[PDB]
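Q: My structure is stored as input-v6.pdb, with PDB, N, CA and C atoms.
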ATOM      1  N   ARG A   1     114.054  91.107  88.044
ATOM      2  CA  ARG A   1     114.823  92.374  87.898
ATOM      3  C   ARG A   1     113.875  93.568  87.946
ATOM      4  N   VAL A   2     112.736  93.363  88.556
ATOM      5  CA  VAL A   2     111.747  94.483  88.649
ATOM      6  C   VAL A   2     112.229  95.414  89.757
ATOM      7  N   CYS A   3     112.910  96.464  89.357
ATOM      8  CA  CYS A   3     113.435  97.452  90.352
ATOM      9  C   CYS A   3     113.602  98.870  89.774
ATOM     10  N   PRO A   4     112.566  99.682  89.770
ATOM     11  CA  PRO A   4     112.715 101.056  89.230
ATOM     12  C   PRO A   4     113.820 101.812  89.988
ATOM     13  N   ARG A   5     114.532 102.661  89.287
ATOM     14  CA  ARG A   5     115.640 103.442  89.951
ATOM     15  C   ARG A   5     115.041 104.587  90.792
ATOM     16  N   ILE A   6     115.178 104.560  92.110
ATOM     17  CA  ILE A   6     114.612 105.658  92.962
ATOM     18  C   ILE A   6     115.580 105.976  94.119
ATOM     19  N   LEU A   7     116.327 107.043  93.950
ATOM     20  CA  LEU A   7     117.322 107.491  94.986
ATOM     21  C   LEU A   7     116.711 107.470  96.408
ATOM     22  N   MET A   8     117.037 106.486  97.236
ATOM     23  CA  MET A   8     116.470 106.432  98.635
ATOM     24  C   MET A   8     117.477 105.668  99.533
ATOM     25  N   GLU A   9     117.698 106.105 100.767
ATOM     26  CA  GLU A   9     118.684 105.370 101.640
ATOM     27  C   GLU A   9     118.030 104.058 102.079
ATOM     28  N   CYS A  10     118.796 103.049 102.447
ATOM     29  CA  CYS A  10     118.189 101.751 102.875
ATOM     30  C   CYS A  10     118.986 101.135 104.031
ATOM     31  N   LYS A  11     118.300 100.529 104.979
ATOM     32  CA  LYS A  11     119.000  99.891 106.147
ATOM     33  C   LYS A  11     119.165  98.392 105.888
ATOM     34  N   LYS A  12     118.323  97.861 105.040
ATOM     35  CA  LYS A  12     118.386  96.411 104.703
ATOM     36  C   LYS A  12     117.548  96.149 103.449
ATOM     37  N   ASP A  13     117.715  95.002 102.836
ATOM     38  CA  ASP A  13     116.922  94.708 101.609
ATOM     39  C   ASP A  13     115.418  94.985 101.766
ATOM     40  N   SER A  14     114.828  94.649 102.889
ATOM     41  CA  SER A  14     113.359  94.926 103.033
ATOM     42  C   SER A  14     113.026  96.425 102.937
ATOM     43  N   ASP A  15     113.910  97.284 103.377
ATOM     44  CA  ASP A  15     113.616  98.745 103.301
ATOM     45  C   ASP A  15     113.286  99.192 101.876
ATOM     46  N   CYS A  16     113.780  98.484 100.886
ATOM     47  CA  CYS A  16     113.499  98.870  99.461
ATOM     48  C   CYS A  16     112.250  98.140  98.932
ATOM     49  N   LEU A  17     111.659  98.674  97.885
ATOM     50  CA  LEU A  17     110.433  98.096  97.252
ATOM     51  C   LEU A  17     110.810  97.148  96.103
ATOM     52  N   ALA A  18     109.850  96.403  95.626
ATOM     53  CA  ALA A  18     110.114  95.453  94.500
ATOM     54  C   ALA A  18     111.354  94.569  94.789
ATOM     55  N   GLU A  19     111.932  93.925  93.801
ATOM     56  CA  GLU A  19     113.128  93.054  94.034
ATOM     57  C   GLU A  19     114.413  93.886  94.214
ATOM     58  N   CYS A  20     114.269  95.154  94.507
ATOM     59  CA  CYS A  20     115.498  95.991  94.681
ATOM     60  C   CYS A  20     116.314  95.462  95.875
ATOM     61  N   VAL A  21     117.578  95.833  96.014
ATOM     62  CA  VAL A  21     118.409  95.342  97.162
ATOM     63  C   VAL A  21     119.196  96.522  97.720
ATOM     64  N   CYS A  22     119.687  96.386  98.927
ATOM     65  CA  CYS A  22     120.464  97.506  99.556
ATOM     66  C   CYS A  22     121.964  97.286  99.315
ATOM     67  N   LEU A  23     122.631  98.176  98.613
ATOM     68  CA  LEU A  23     124.094  97.987  98.355
ATOM     69  C   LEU A  23     124.876  98.516  99.561
ATOM     70  N   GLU A  24     126.173  98.329  99.542
ATOM     71  CA  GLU A  24     127.017  98.809 100.695
ATOM     72  C   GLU A  24     127.002 100.337 100.856
ATOM     73  N   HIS A  25     126.936 101.080  99.782
ATOM     74  CA  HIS A  25     126.921 102.566  99.926
ATOM     75  C   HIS A  25     125.705 103.010 100.742
ATOM     76  N   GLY A  26     124.839 102.075 101.030
ATOM     77  CA  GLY A  26     123.609 102.380 101.825
ATOM     78  C   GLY A  26     122.430 102.963 101.022
ATOM     79  N   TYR A  27     122.298 102.601  99.768
ATOM     80  CA  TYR A  27     121.170 103.111  98.906
ATOM     81  C   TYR A  27     120.583 101.930  98.120
ATOM     82  N   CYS A  28     119.314 101.982  97.774
ATOM     83  CA  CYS A  28     118.727 100.833  97.000
ATOM     84  C   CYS A  28     119.302 100.836  95.569
ATOM     85  N   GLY A  29     119.506  99.692  94.944
ATOM     86  CA  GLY A  29     120.065  99.720  93.548
ATOM     87  C   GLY A  29     120.288  98.287  93.059
TER      88      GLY A  29
END
Could you render the structure as structure tokens?
A:
Amino acid sequence: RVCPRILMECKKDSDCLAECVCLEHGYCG
């Protein structure tokens, strides 16, 4: 669950850092 909250758009899970994931709204979370 290592995922600091950082408002950023994402195209896929890899676009985000740490174990964060890309939700449907198109942002990491």
Q: List as a ChimeraX atom specification the protein and nucleic acid residues near residue 6 in chain A, meaning an atom at most 8 Å away when all atoms listed in the file are counted, but skip any in the same chain fewer than 4 places from it.
A: /A:27-29
Q: Written as a PyMOL selection string, which residues does the PyMOL selection byres ((chain A and resi 8-12) around 6) give for the file shown?
A: chain A and resi 6-7+13-16+21-22+26-28
Q: Please write the residues from the selection above to a file, keeping N, CA and C atoms, as a PDB file, in the coordinates of the input.
A:
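Written out: selection_20.pdb:
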ATOM      1  N   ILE A   6     115.178 104.560  92.110  1.00  0.00           N
ATOM      2  CA  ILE A   6     114.612 105.658  92.962  1.00  0.00           C
ATOM      3  C   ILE A   6     115.580 105.976  94.119  1.00  0.00           C
ATOM      4  N   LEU A   7     116.327 107.043  93.950  1.00  0.00           N
ATOM      5  CA  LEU A   7     117.322 107.491  94.986  1.00  0.00           C
ATOM      6  C   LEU A   7     116.711 107.470  96.408  1.00  0.00           C
ATOM      7  N   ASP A  13     117.715  95.002 102.836  1.00  0.00           N
ATOM      8  CA  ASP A  13     116.922  94.708 101.609  1.00  0.00           C
ATOM      9  C   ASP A  13     115.418  94.985 101.766  1.00  0.00           C
ATOM     10  N   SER A  14     114.828  94.649 102.889  1.00  0.00           N
ATOM     11  CA  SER A  14     113.359  94.926 103.033  1.00  0.00           C
ATOM     12  C   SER A  14     113.026  96.425 102.937  1.00  0.00           C
ATOM     13  N   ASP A  15     113.910  97.284 103.377  1.00  0.00           N
ATOM     14  CA  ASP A  15     113.616  98.745 103.301  1.00  0.00           C
ATOM     15  C   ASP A  15     113.286  99.192 101.876  1.00  0.00           C
ATOM     16  N   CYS A  16     113.780  98.484 100.886  1.00  0.00           N
ATOM     17  CA  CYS A  16     113.499  98.870  99.461  1.00  0.00           C
ATOM     18  C   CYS A  16     112.250  98.140  98.932  1.00  0.00           C
ATOM     19  N   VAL A  21     117.578  95.833  96.014  1.00  0.00           N
ATOM     20  CA  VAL A  21     118.409  95.342  97.162  1.00  0.00           C
ATOM     21  C   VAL A  21     119.196  96.522  97.720  1.00  0.00           C
ATOM     22  N   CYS A  22     119.687  96.386  98.927  1.00  0.00           N
ATOM     23  CA  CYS A  22     120.464  97.506  99.556  1.00  0.00           C
ATOM     24  C   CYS A  22     121.964  97.286  99.315  1.00  0.00           C
ATOM     25  N   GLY A  26     124.839 102.075 101.030  1.00  0.00           N
ATOM     26  CA  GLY A  26     123.609 102.380 101.825  1.00  0.00           C
ATOM     27  C   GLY A  26     122.430 102.963 101.022  1.00  0.00           C
ATOM     28  N   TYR A  27     122.298 102.601  99.768  1.00  0.00           N
ATOM     29  CA  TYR A  27     121.170 103.111  98.906  1.00  0.00           C
ATOM     30  C   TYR A  27     120.583 101.930  98.120  1.00  0.00           C
ATOM     31  N   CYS A  28     119.314 101.982  97.774  1.00  0.00           N
ATOM     32  CA  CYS A  28     118.727 100.833  97.000  1.00  0.00           C
ATOM     33  C   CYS A  28     119.302 100.836  95.569  1.00  0.00           C
TER      34      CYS A  28
END
Q: Apply the PyMOL selection byres (((chain A and resi 1 and name CA) around 8) and name CA) to the structure shown and report the selected residues as a PyMOL selection string.
A: chain A and resi 2-3+19-20
Q: At what distance in Å, to one decimal, does atom N of residue 4 in chain A lie from atom C of residue 24 in chain A?
A: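 These two atoms are separated by 18.2 Å.
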Q: Could you give me the centre and size, in Å to one decimal, of an axis-aligned box around all listed atoms of range 12-24 of chain A with 3 Å added on every side, as AutoDock Vina command-line options?
A:
--center_x 118.4 --center_y 96.7 --center_z 99.4 --size_x 23.2 --size_y 13.3 --size_z 17.2
Q: Residues of chain A classed as strand (DSSP E or B) by DSSP on the backbone are to be reported as a PyMOL selection string.
A: chain A and resi 9+22+27-28
Q: Could chain A be written out with C-alpha atoms, as an mmCIF file, in the first residue's frame, please?
A:
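Okay, this is what ended up in selection-v8.cif:
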data_model
loop_
_atom_site.group_PDB
_atom_site.id
_atom_site.type_symbol
_atom_site.label_atom_id
_atom_site.label_comp_id
_atom_site.auth_asym_id
_atom_site.auth_seq_id
_atom_site.Cartn_x
_atom_site.Cartn_y
_atom_site.Cartn_z
ATOM 1 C CA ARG A 1 0.000 0.000 0.000
ATOM 2 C CA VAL A 2 3.010 2.270 -0.509
ATOM 3 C CA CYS A 3 1.350 5.052 -2.527
ATOM 4 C CA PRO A 4 1.723 8.738 -1.505
ATOM 5 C CA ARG A 5 -1.239 10.899 -2.656
ATOM 6 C CA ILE A 6 -0.013 13.051 -5.639
ATOM 7 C CA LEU A 7 -2.582 14.622 -8.033
ATOM 8 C CA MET A 8 -1.264 13.471 -11.512
ATOM 9 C CA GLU A 9 -3.058 12.147 -14.688
ATOM 10 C CA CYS A 10 -2.212 8.521 -15.687
ATOM 11 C CA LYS A 11 -2.538 6.480 -18.935
ATOM 12 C CA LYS A 12 -1.884 3.109 -17.268
ATOM 13 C CA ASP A 13 -0.678 1.632 -13.954
ATOM 14 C CA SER A 14 3.003 2.021 -14.988
ATOM 15 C CA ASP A 15 2.550 5.801 -15.464
ATOM 16 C CA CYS A 16 2.227 6.090 -11.644
ATOM 17 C CA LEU A 17 5.065 5.606 -9.078
ATOM 18 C CA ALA A 18 5.229 3.104 -6.185
ATOM 19 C CA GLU A 19 2.331 0.537 -5.938
ATOM 20 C CA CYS A 20 -0.122 3.286 -6.981
ATOM 21 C CA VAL A 21 -2.691 2.349 -9.733
ATOM 22 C CA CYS A 22 -4.590 4.277 -12.438
ATOM 23 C CA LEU A 23 -8.354 4.571 -11.668
ATOM 24 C CA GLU A 24 -11.038 5.106 -14.350
ATOM 25 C CA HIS A 25 -11.254 8.890 -13.756
ATOM 26 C CA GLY A 26 -7.744 8.841 -15.268
ATOM 27 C CA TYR A 27 -5.696 9.846 -12.138
ATOM 28 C CA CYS A 28 -3.353 7.811 -9.869
ATOM 29 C CA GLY A 29 -5.002 6.755 -6.536
#
